[PDB]
Number of protein chains: 2
Amino acid sequence: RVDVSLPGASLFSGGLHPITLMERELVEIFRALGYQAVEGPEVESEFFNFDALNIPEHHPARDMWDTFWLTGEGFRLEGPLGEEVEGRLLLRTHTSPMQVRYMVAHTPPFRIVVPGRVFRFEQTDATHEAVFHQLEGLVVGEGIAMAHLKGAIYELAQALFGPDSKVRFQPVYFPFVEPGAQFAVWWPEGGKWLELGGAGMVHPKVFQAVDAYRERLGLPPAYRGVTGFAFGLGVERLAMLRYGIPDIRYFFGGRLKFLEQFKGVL
Amino acid sequence: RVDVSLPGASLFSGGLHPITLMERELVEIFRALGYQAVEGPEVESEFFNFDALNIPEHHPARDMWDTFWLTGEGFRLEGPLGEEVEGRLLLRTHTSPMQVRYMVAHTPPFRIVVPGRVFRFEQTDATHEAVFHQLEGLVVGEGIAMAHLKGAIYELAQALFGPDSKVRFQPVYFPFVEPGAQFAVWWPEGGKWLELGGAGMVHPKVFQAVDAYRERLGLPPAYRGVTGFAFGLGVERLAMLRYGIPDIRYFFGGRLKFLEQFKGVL
Ligand SMILES: Nc1ncnc2c1ncn2[C@@H]1O[C@H](COS(=O)(=O)NC(=O)[C@@H](N)Cc2ccc(O)cc2)[C@@H](O)[C@H]1O
Ligand SMILES: Nc1ncnc2c1ncn2[C@@H]1O[C@H](COS(=O)(=O)NC(=O)[C@@H](N)Cc2ccc(O)cc2)[C@@H](O)[C@H]1O
């Protein structure tokens, strides 16, 4: 006879980090809208993180970002087509550069979504980290309009908070779009707006930087007659309000007691 | 010191059945086109499997299907809205009835995909089973056209066999569509057409059966001013040519030596 209520062999039970969980749900949501997920490098060149995105040096625009500059030789940074790219190395301050990398390597129309680890030299509080995650979205093609950008975010909201959810766009500035916008989604269960990210219609100069770089590389231009929208949102910010996490600093804390609480969450 | 090349603790390693793998890839493909996966019951009523789909008794159409009829009382079969549905019980000869179940329970526009176990009383050879799986697709809404149906299958093909793949539609008969069609996809690596399934524009009488049933249930009509396409394809047939399985009869064989070969395949 056996005491069946007794503890069984202690096999380990794993789990996924909350950021991974949230990233997965976001990617699932945008995959249903036809977006494909691709990643870019964390250590990026000033050209891709800034210049290509219309953010030149010694101007108010640069002063908006808190960049971590790197040093060291022998480091090889490959470009969109495996080429050796040059320029001052840095930690990407956002996922946006992957927006230029993808476009030089592909041809429209397309829909991508790019999650990624980003870095910014700033003070860490309960809603700010120096190391966090963003999700870029980019849809380029003939006839793409801001209504499509609004439609996309509307879908995000519905998918994330149900039918009684809604979105709100307000104008904001980004050297890489025009029109530019910041957006929030209505969280019905919590009764308040959440400022998720920035977006807009890809800037004419960004498309120009892309084809110009394509030419240096010997590729034909590909973005002369197309338009497109792009957005960038905070993964931790969404995870926090979604999984009820009170302090952004927990994410990178490595505390098993914290992590293990998401073994269930998918 | 330790002989690190020695075998480690024999922890078990699992795997998923090939049908599960293939179903997952198909669902992933259609999810990217905006389709949502829902399942229906295996034991179905003659009303949903036939009558609603415009297949009346004692007519050539019925004689096309090899139905397994069931018997026994005390069995409760619930309808789209949990109601108690009546009629001669049977094993569904296809996933198509889920096409009527979903429509009475929801309102257009929408896009569903419904994988499922189906049954047919026929001889089992290397490409025929009495118990196999199908994947229905249904997209209903204002302005839906056959071009959209062709577009869908075109996407399936591209996603399944790459850019050098193509589709072929030929007319065929189904009491539940009009136009009706059968389709094949070009398998570039194998140099030959594969007859995947049937499809067409949902029949006017099917939409009528749906709303008529909705009225009995007290719901307002919902399919008067919409059109839609639907398709049904063989999962095993696609898995076979996709995973190189020579005999359909292996699937339900339960032979571990067979199954374990797909531990890798995702
Ligand atoms: N220090 C920090 N810690 C945690 N999350 C942070 C953060 N700094 C920013 N975030 C999150 O990052 C989101 C976007 O960052 S941002 O600096 O405001 N905007 C950007 O970086 C741009 N790349 C956004 C963008 C705008 C337009 C586009 O077409 C594409 C992208 C914010 O909405 C916020 O939720
Ligand atoms: N006995 C069997 N064993 C294995 N696979 C089988 C089978 N009998 C059929 N199949 C697979 O099932 C697919 C479709 O089955 S079928 O009887 O030809 N067609 C149907 O059942 C219909 N419901 C298809 C359909 C047609 C139009 C629509 O709008 C929706 C669906 C075939 O293309 C074939 O690949």
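Residues numbered from 1 in each chain as written, not as in the entry; some residues may be left out. Chains lettered and ligands numbered in written order. Part of a larger assembly, values for the part shown. Heavy atoms only, no water.

The deposited coordinates, according to the entry record, derive from X-ray crystallography at 2.60 Å resolution.

## A closer look at the overall build of chain A
Here is the rule: Where helices and strands are cited, they refer to DSSP runs of H or I of at least four residues and of E of at least two residues respectively, numbered from the N terminus. The globule rule is 2.2 Å times the number of residues to the power 0.38, and the radius of gyration it is compared with is taken over C-alpha atoms. Burial classes: relative accessible area under 20% of the type maximum marks a residue as buried, over 50% as exposed, and values in between as partly exposed (1.4 Å probe, protein chains only). We call two residues in contact whenever any of their non-hydrogen atoms come within 4.5 Å of each other. Where accessible areas are quoted, they stem from the Shrake-Rupley method and a 1.4 Å probe; at the residue level, only the protein chains shown are allowed to cover. The charge count includes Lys and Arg as positive and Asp and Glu as negative, but it does not include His or the ends of the chains. Charge coordinates come from a single atom per side chain, which is NZ of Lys, CZ of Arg, CG of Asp or CD of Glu.
Secondary structure assignment for chain A yields 7 helices and 9 strands. What you see for chain A is a C-alpha radius of gyration of 20 Å, in line with the 18 Å of a compact globule of 266 residues. Counting only C-alpha atoms, chain A reaches 80 × 50 × 35 Å along its principal axes. Sorting the 266 residues of chain A into buried and exposed places 47% on the buried side. Within chain A, counting contacts between residues at least 6 apart in sequence, those at least 24 apart form 67% of the total. Carbon together with sulfur atoms contributes 54% to the accessible area of chain A, which is approximately 13800 Å² in total. Between the averaged position of the 25 positive side-chain charges in chain A and that of its 32 negative side-chain charges there is a distance of 5 Å.

## Remarks on the interface of chain B and chain A
You'll often see interface size given as the accessible area lost when the parts meet. Where we set the bar: Buried area is a sum: the accessible area each of two parts loses on coming together, probed at 1.4 Å, counted once for each and added. Put simply, a salt bridge is a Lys or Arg side-chain nitrogen that is within 4 Å of an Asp or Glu carboxyl oxygen. In protein, a polar contact requires one atom able to donate a hydrogen and another able to accept it; more generally it is a pair of N or O atoms within 3.5 Å, and residues adjacent in sequence count only if both atoms are side-chain atoms. Under the scheme applied here, ten amino acids are nonpolar (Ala, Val, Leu, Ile, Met, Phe, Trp, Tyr, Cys and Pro), four are charged (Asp, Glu, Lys and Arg), and all others, including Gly, are polar.
Counting residues at the interface gives 6 residues for chain B, matched by 6 residues for chain A. Buried surface at the junction of chain B and chain A, summed over both partners, amounts to about 300 Å²; 41% is from carbon and sulfur atoms. The largest contributions to the chain B side of the interface with chain A come from B:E28, B:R31 and B:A32, which together make up 74% of the buried area. The tally of links from chain B across to chain A stands at 0 salt bridges. Our count for the contact surface shared by chain B and chain A stands at 2 residue pairs in polar contact. Of the residues in the side of chain B that touches chain A, the class split is 3 nonpolar, 1 polar and 2 charged.

## What about helix α5 (residues 204–216) of chain B?
Residue and element names in this part refer to chain B. Worth spelling out the cut-off: Multiplying 1.5 Å by the helix residue count minus one yields the expected span of that helix.
The end-to-end C-alpha distance of α5 is 19 Å, a good match for the 18 Å that 13 residues give at a rise of 1.5 Å each. Considered for burial, the residues of α5 that qualify are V206, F207, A209, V210, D211, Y213 and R214. Among the structural elements, α2 (46–49), α3 (97–105), β5 (131–141), β8 (192–202) and β9 (227–234) are those in contact with the buried residues of α5. Among the residues trailing α5, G218 stands out with phi positive, at a value near 85°.

## Structural notes on the sheet that holds β5(B)
Residues and elements named next belong to chain B. Using the following cut-off: At least two DSSP bridges between two strands are required for those strands to pair. To obtain an axis, a line is fitted to C-alpha atoms, over the contacting stretch when the element is a helix, and the angle between two such axes runs from 0 to 180 degrees between their N-to-C directions.
Spatial ordering of the open sheet is given by β1-β4-β5-β9-β8-β7-β6, a layout of 7 strands whose pairing is mixed. The open sheet has two free edges, formed respectively by β1 (36–37) and β6 (167–171), since each of these has just one partner strand. Examined bridge by bridge, β1 and strand β4 (residues 110–119) share 2 bridges and lie parallel to one another. When the sheet's bridge partners are listed, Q36 is paired in β4 with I112. The sheet contacts of α3 involve β4, β5, β8 and β9, and relative to β4 the element is tilted by about 140°.

## Concerning the site of ligand 2
All names here are of chain B. Going by this rule: If even one non-hydrogen atom of a residue comes within 4 Å of a molecule or strand, that residue is called near it.
Close to ligand 2 lie 24 residues; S96, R120, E129, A230 and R237 are nearest. Between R120 and ligand 2, the recorded distance is 2.7 Å, taken from a side-chain N or O atom to an oxygen atom. Contact distances for ligand 2 include 2.8 Å between an oxygen atom and a side-chain N or O atom of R237. Protein chains shield 89% of the accessible area of ligand 2, which is 700 Å² for the free molecule. At the level of secondary structure, the elements contributing two or more residues to the shell around ligand 2 comprise β5, β8 and β9. For the shell around ligand 2, the element with the most residues is β8, which contributes 5 residues. Among the residues making up the shell around ligand 2, the classes are represented as 9 nonpolar, 10 polar and 5 charged.

## Section: the site of ligand 1
Residues and elements named next belong to chain A. Not every one of the 24 residues close to ligand 1 is listed here, only the nearest: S96, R120, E129, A230 and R237. Between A230 and ligand 1, the recorded distance is 3.0 Å, taken from a backbone N or O atom to an oxygen atom. One nitrogen or oxygen atom from the side chain of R237 is found 2.8 Å from an oxygen atom belonging to ligand 1. For ligand 1, the protein covers 89% of the area, taking 710 Å² as the surface of the free molecule. Listed by contribution, the elements that provide at least two residues to the shell around ligand 1 are β5 (131–141), β8 (192–202) and β9 (227–234). Examining the composition of the shell around ligand 1, we find that 5 residues originate from one element, β8, more than from any other. When grouped by side-chain class, the residues that make up the shell around ligand 1 number 9 nonpolar, 10 polar and 5 charged.

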